[PDB]
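Next up: just one chain, as structure tokens, the form solved without the RNA.
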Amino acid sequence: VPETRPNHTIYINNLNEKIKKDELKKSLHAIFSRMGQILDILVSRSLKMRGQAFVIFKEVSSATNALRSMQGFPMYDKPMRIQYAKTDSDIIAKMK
């Protein structure tokens, strides 16, 4: 079951795996900066992290609006799947 506690960070998957890391981050920043101020965007090249990304917002209200408003938003011909990131995700701690 996905995380139900609102997190500053949203977890995104089903991203187009053809796009390189830096371009994916620039596009995500363009789409999600409209939900609120972004502190960081985490993308890994690892094999188990492809098609996935984290967006860390300065305020939970921005993350919540992103989750409710950008769910299924089509990018690179693929609808994004968004969840609240796991509370104190081990992945975020290492990546940030």
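One rule holds for the numbers: they count along the sequence shown, beginning at 1.
Keep in mind that the form deposited with the RNA bound is missing from the display, and what follows is about it.
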| said: in the deposited bound form, is there a heavy atom of the RNA that lies within 4.5 Å of any heavy atom of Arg34, even though the partner is absent here? | reply: no
| request: Although the RNA is absent from this view, report whether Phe57 comes within 4.5 Å of it in the deposited bound form, heavy atoms only. | output: no
| message | Even though the partner isn't displayed, in the deposited bound form is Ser46 close enough to the RNA, meaning a heavy atom within 4.5 Å? | response | yes
| message | in the deposited bound form, does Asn65 come within 4.5 Å of the RNA, counting heavy atoms only? | response | no
| Stretch 15-29: residues contacting the RNA in the deposited bound form, 4.5 Å heavy atom cut-off | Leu15, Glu17, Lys18, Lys20, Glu23, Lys26
